[PDB]
Each structure stands twice: as structure tokens, then as C-alpha cells.
Amino acid sequence: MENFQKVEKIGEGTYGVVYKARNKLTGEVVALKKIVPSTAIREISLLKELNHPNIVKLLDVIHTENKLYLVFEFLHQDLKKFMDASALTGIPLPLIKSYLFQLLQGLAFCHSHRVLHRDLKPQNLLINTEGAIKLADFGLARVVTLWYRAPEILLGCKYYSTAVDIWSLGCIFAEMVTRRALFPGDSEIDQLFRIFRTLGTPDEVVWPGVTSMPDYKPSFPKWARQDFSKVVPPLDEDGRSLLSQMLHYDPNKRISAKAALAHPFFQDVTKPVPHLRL
Ligand SMILES: Brc1cnn2c(NCc3cncnc3)cc(-c3ccccc3)cc12
């Protein structure tokens with residue numbers, strides 16, 4: 001640690017405080033996360049090899065004094081701040097599409113290595129001046145916001161898979177378009193019920209096996225599904241079709257990152273430069 005000079009606190013991650021810091025040696029500016037079980041050390045070590053342009057690079061892992069520090073590449077802004085900053089005007093559709101495409105490329109990569117994020121949220125999607133967007137805190141999982149949590153997690157599924165990340169990204173996609181959180185639940189049941197109220201209460205017809213799930217209750221209220229035209233106006237039909245697929249109840253039916261990349265929505269994708277005030 002003596003090799004780093006703390007510049008400032010850039011948030012309070014789920015595991016510890018994250019600091020912008022300077023390598024007293026190389027002079028490199030990095031993000032320093034202060035989080036040990038051998039399993040954790042080994043798992044984290046694996047993440048160091050998981051390199052991709054849309055994944056925040058984990059530079060080094062430092063274990064000392066039974067303490068654990070993760071040194072990451074530093075990015076100046078996150079999607080939440082950018083969304084807040086662009087609230088009056090909204091993020092231009094072409095930039096939303098570019099960001100969604102890049103994130104799907106990142107997910108496609110991680111997923112192909114059997115690595116899940118599990119906690120995707122605007123705060124952990126980092127952006128730069130070049131129009132790039134990157135997933136932060138990938139593989140780390142293996143008040144905390146429930147807004148992006150997939151229904152199978154909320155329903156007590158113990159062995160959920162990659163589809164949970166597609167669900168979270170579908171929620172974030174909707175939020176970028178509408179400028180309002182899709183399902184801002186403030187408790188597990190409120191989260192579940194917000195999802196039901198919009199997509200309809202799931203049943204054996206649309207989600208075979210849902211009624212047997214651990215936290216499923218026959219006493220759940222039965223709400224009708226709403227039309228996406230009401231959910232994310234004025235997103236075009238291509239966008240709404242993609243969204244509807246990323247939000248399928250059945251994790252097995254939910255579109256994969258790979259398939260999502262081929263969706264017609266991305267036929268005209270480009271890479272705009274955002275306007276960032278750093
Ligand atoms: Br790795 C990493 C690399 N950059 N980075 C950023 N940068 C965005 C930023 C935010 N505030 C000031 N400067 C830059 C935020 C978080 C993060 C922090 C807290 C919670 C979740 C993610 C992690 C992280």
C-alpha cells in the first residue's frame with residue numbers, strides 16, 4: 001500500500017471504499033478498492049486474466065496484513081452520473097444504442113468464460129471521453145439497490161445463471177431511454193411486485209416451474225401485463241422487441257448477450273462521443 005497515494009474517495013463500493021489513487025512509482029492513476037480466504041484470493045486471481053475492452057481492467061491484486069486491495073484502471077465518470085447530467089435532454093438514442101451494444105459485447109465475453117457479474121447497475125458502468133463504456137466489479141460477487149435484480153434471484157433461485165445480467169442490463173436500457181428507473185423497489189417484495197405490475201404476475205404458462213420456486217407464494221396478487229409501448233416510449237419497435245426479450249421471465253427464454261448482439265436494433269449502431277464535463 002505504501003506504493004499508492006490516495007487522491008480522493010470515488011465512492012463506497014459493496015465491499016469497501018474505492019479511492020482514486022496515484023502509483024508513487026509509475027505515476028499511474030488508478031482506482032483502488034479496499035476489500036483472507038484462499039478461495040477468494042484464487043477466484044480474484046482468475047479475474048486478472050479476464051481482459052476485454054468493455055471490462056474495467058483489474059491491474060493488480062495486493063494482499064497484505066490479511067488486507068486485500070484491488071487496483072483497477074481508472075475511469076472518470078459512471079453511467080449514473082452521466083444519466084443524471086443528461087436528465088433534461090436525455091442521452092441521444094445513438095449513444096444509448098452504442099452503450100448497450102458495448103455492454104452486450106462485455107457480457108458476451110464474460111459469459112463465454114462462465115463469469116457472471118450478478119450486480120450490474122448504472123454506478124458500476126464506467127465511461128470515458130472516447131465513447132467507451134465498461135463493466136466494473138465483474139466476478140467480484142462470486143442499502144444495496146434491488147432495482148436491477150432478476151426475478152429468479154428474488155424468487156429464491158440458488159443457482160441462477162448468466163441471464164441475471166441480461167435482465168439487469170435490460171432494466172438499465174429502459175432507464176436510459178425513459179430517464180426514470182424501471183423498477184425502483186425499496187424491499188424484495190416491493191421489487192418483485194413492481195416487476196409483476198408491469199410485466200404481469202408470472203405463471204406456469206410463461207415461466208414453467210415458477211410456482212415451485214423457493215420464495216414463490218400462491219398468494220401473490222395476479223396483475224395483468226402492460227404493453228411496452230406504455231413502458232418505454234418513445235423507443236422504436238426494434239428497441240422494444242429487444243427489451244422484451246431481455247426481460248423474459250423464464251431465464252431459459254431470456255435472450256443471451258451473443259444473440260442480442262445480432263438483433264436488428266443494432267443494424268445501424270455507431271460509436272458517438274459523449275459530452276463529458278470532468
Ligand atoms: Br474499479 C473503477 C474504476 N473507475 N471507477 C469509478 N469511476 C467513476 C468515478 C466516480 N466518482 C469519481 N471519479 C470517478 C467508479 C467505481 C465505483 C465506485 C463506487 C461504487 C461503484 C463503482 C469504480 C471504478
# chains A, B, ... in the order shown; residues from 1 in each chain; ligands from 1
>>> residues_near_ligand(ligand="ligand 1", cutoff="6 Å", atoms="only C-alpha atoms and all ligand atoms", output="JSON, numbers by chain")
{"A": [10, 11, 12, 13, 18, 31, 72, 73, 74, 75, 76, 77, 78, 123, 124, 126, 136]}
>>> select_by_dssp(residues="stretch 2-248 of chain A", states="strand (DSSP E or B)", output="number ranges by chain")
A: 4-12, 17-23, 29-34, 55, 58-64, 67-73, 77-78, 125-127, 133-135
>>> closest_residue(among="A:57, A:222, A:197, A:277", to="residue A:138", atoms="only C-alpha atoms")
A:57
>>> closest_residue(among="A:98, A:89, A:241, A:38", to="residue A:132", atoms="only C-alpha atoms")
A:98
>>> atom_distance(atom1="atom CA of residue A:175", atom2="atom CA of residue A:223")
22.2 Å
>>> residues_around(residues="residue A:208", least_positions_apart="2", cutoff="12 Å", atoms="only C-alpha atoms", output="list in words")
residues 202, 203, 204, 205, 206, 210, 211, 212, 213, 249, 250, 251, 252 and 253 of chain A
>>> write_last_selection(atoms="N, CA, C and O atoms", output="PDB file, in the first residue's frame")
ATOM      1  N   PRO A 202     -46.065 -13.671 -13.031  1.00  0.00           N
ATOM      2  CA  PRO A 202     -45.662 -14.859 -13.755  1.00  0.00           C
ATOM      3  C   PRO A 202     -46.467 -16.097 -13.322  1.00  0.00           C
ATOM      4  O   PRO A 202     -46.890 -16.206 -12.162  1.00  0.00           O
ATOM      5  N   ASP A 203     -46.689 -17.003 -14.270  1.00  0.00           N
ATOM      6  CA  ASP A 203     -47.396 -18.237 -14.003  1.00  0.00           C
ATOM      7  C   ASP A 203     -46.737 -19.393 -14.760  1.00  0.00           C
ATOM      8  O   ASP A 203     -45.730 -19.208 -15.430  1.00  0.00           O
ATOM      9  N   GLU A 204     -47.301 -20.589 -14.641  1.00  0.00           N
ATOM     10  CA  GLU A 204     -46.703 -21.747 -15.293  1.00  0.00           C
ATOM     11  C   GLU A 204     -46.683 -21.640 -16.820  1.00  0.00           C
ATOM     12  O   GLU A 204     -45.827 -22.250 -17.491  1.00  0.00           O
ATOM     13  N   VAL A 205     -47.610 -20.851 -17.365  1.00  0.00           N
ATOM     14  CA  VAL A 205     -47.702 -20.652 -18.823  1.00  0.00           C
ATOM     15  C   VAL A 205     -46.455 -19.935 -19.392  1.00  0.00           C
ATOM     16  O   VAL A 205     -45.792 -20.445 -20.317  1.00  0.00           O
ATOM     17  N   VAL A 206     -46.129 -18.766 -18.844  1.00  0.00           N
ATOM     18  CA  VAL A 206     -44.979 -18.016 -19.345  1.00  0.00           C
ATOM     19  C   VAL A 206     -43.631 -18.424 -18.710  1.00  0.00           C
ATOM     20  O   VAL A 206     -42.569 -18.235 -19.307  1.00  0.00           O
ATOM     21  N   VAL A 210     -42.036 -21.820 -12.279  1.00  0.00           N
ATOM     22  CA  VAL A 210     -42.040 -20.659 -11.367  1.00  0.00           C
ATOM     23  C   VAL A 210     -42.804 -20.905 -10.051  1.00  0.00           C
ATOM     24  O   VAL A 210     -42.417 -20.401  -8.988  1.00  0.00           O
ATOM     25  N   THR A 211     -43.907 -21.645 -10.127  1.00  0.00           N
ATOM     26  CA  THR A 211     -44.698 -21.872  -8.922  1.00  0.00           C
ATOM     27  C   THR A 211     -44.003 -22.758  -7.870  1.00  0.00           C
ATOM     28  O   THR A 211     -44.440 -22.818  -6.732  1.00  0.00           O
ATOM     29  N   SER A 212     -42.956 -23.476  -8.260  1.00  0.00           N
ATOM     30  CA  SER A 212     -42.260 -24.342  -7.306  1.00  0.00           C
ATOM     31  C   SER A 212     -41.092 -23.620  -6.630  1.00  0.00           C
ATOM     32  O   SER A 212     -40.577 -24.068  -5.603  1.00  0.00           O
ATOM     33  N   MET A 213     -40.685 -22.497  -7.207  1.00  0.00           N
ATOM     34  CA  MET A 213     -39.568 -21.719  -6.671  1.00  0.00           C
ATOM     35  C   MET A 213     -39.690 -21.431  -5.171  1.00  0.00           C
ATOM     36  O   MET A 213     -40.788 -21.250  -4.647  1.00  0.00           O
ATOM     37  N   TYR A 249     -39.391 -13.547 -18.439  1.00  0.00           N
ATOM     38  CA  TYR A 249     -39.407 -14.108 -17.077  1.00  0.00           C
ATOM     39  C   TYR A 249     -38.545 -15.371 -16.979  1.00  0.00           C
ATOM     40  O   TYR A 249     -37.716 -15.514 -16.091  1.00  0.00           O
ATOM     41  N   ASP A 250     -38.785 -16.309 -17.881  1.00  0.00           N
ATOM     42  CA  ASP A 250     -38.064 -17.566 -17.890  1.00  0.00           C
ATOM     43  C   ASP A 250     -36.604 -17.310 -18.262  1.00  0.00           C
ATOM     44  O   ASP A 250     -36.325 -16.852 -19.379  1.00  0.00           O
ATOM     45  N   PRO A 251     -35.676 -17.596 -17.343  1.00  0.00           N
ATOM     46  CA  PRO A 251     -34.259 -17.337 -17.609  1.00  0.00           C
ATOM     47  C   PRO A 251     -33.778 -18.079 -18.840  1.00  0.00           C
ATOM     48  O   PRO A 251     -32.812 -17.666 -19.489  1.00  0.00           O
ATOM     49  N   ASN A 252     -34.419 -19.198 -19.131  1.00  0.00           N
ATOM     50  CA  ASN A 252     -34.035 -20.029 -20.275  1.00  0.00           C
ATOM     51  C   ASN A 252     -34.485 -19.415 -21.585  1.00  0.00           C
ATOM     52  O   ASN A 252     -33.914 -19.703 -22.640  1.00  0.00           O
ATOM     53  N   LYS A 253     -35.538 -18.613 -21.528  1.00  0.00           N
ATOM     54  CA  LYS A 253     -36.084 -17.957 -22.722  1.00  0.00           C
ATOM     55  C   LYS A 253     -35.433 -16.574 -22.937  1.00  0.00           C
ATOM     56  O   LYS A 253     -35.473 -16.023 -24.034  1.00  0.00           O
TER      57      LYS A 253
END
>>> closest_residue(among="A:60, A:121, A:237, A:127", to="residue A:184", atoms="only C-alpha atoms")
A:121
>>> residues_around(residues="residue A:134", least_positions_apart="6", cutoff="9 Å", atoms="only C-alpha atoms", output="VMD selection string")
chain A and resid 53 to 56 75 99 102 to 103 106 124 to 128
>>> residues_around(residues="residue A:186", least_positions_apart="5", cutoff="9 Å", atoms="only C-alpha atoms", output="tab-separated table (two decimals) with N, CA, C and O atoms, in the first residue's frame")
chain	number	residue	atom	x	y	z
A	145	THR	N	-28.97	-1.55	-3.77
A	145	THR	CA	-30.12	-1.40	-4.65
A	145	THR	C	-30.62	-2.75	-5.19
A	145	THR	O	-29.83	-3.58	-5.67
A	146	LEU	N	-31.93	-2.92	-5.18
A	146	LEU	CA	-32.55	-4.14	-5.71
A	146	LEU	C	-33.14	-3.86	-7.10
A	146	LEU	O	-33.71	-4.75	-7.71
A	147	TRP	N	-33.08	-2.61	-7.53
A	147	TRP	CA	-33.77	-2.17	-8.77
A	147	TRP	C	-33.46	-3.01	-10.03
A	147	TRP	O	-34.29	-3.11	-10.93
A	191	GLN	N	-39.90	-4.88	-4.86
A	191	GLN	CA	-39.21	-5.07	-6.14
A	191	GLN	C	-39.98	-6.12	-6.98
A	191	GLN	O	-40.33	-5.90	-8.15
>>> residues_around(residues="residue A:271", least_positions_apart="2", cutoff="8 Å", atoms="only C-alpha atoms", output="MDAnalysis selection string")
chainID A and resid 94:95 98 131 269 273
>>> residues_around(residues="residue A:68", least_positions_apart="5", cutoff="10 Å", atoms="only C-alpha atoms", output="ChimeraX atom specification")
/A:1,33-36,40-41,61-63
>>> select_by_dssp(residues="stretch 106-238 of chain A", states="helix (DSSP H, G or I)", output="number ranges by chain")
A: 106-112, 122-124, 151-154, 163-178, 188-199, 210-212, 228-231, 237-238
>>> closest_residue(among="A:37, A:113, A:217, A:228", to="residue A:66", atoms="only C-alpha atoms")
A:37
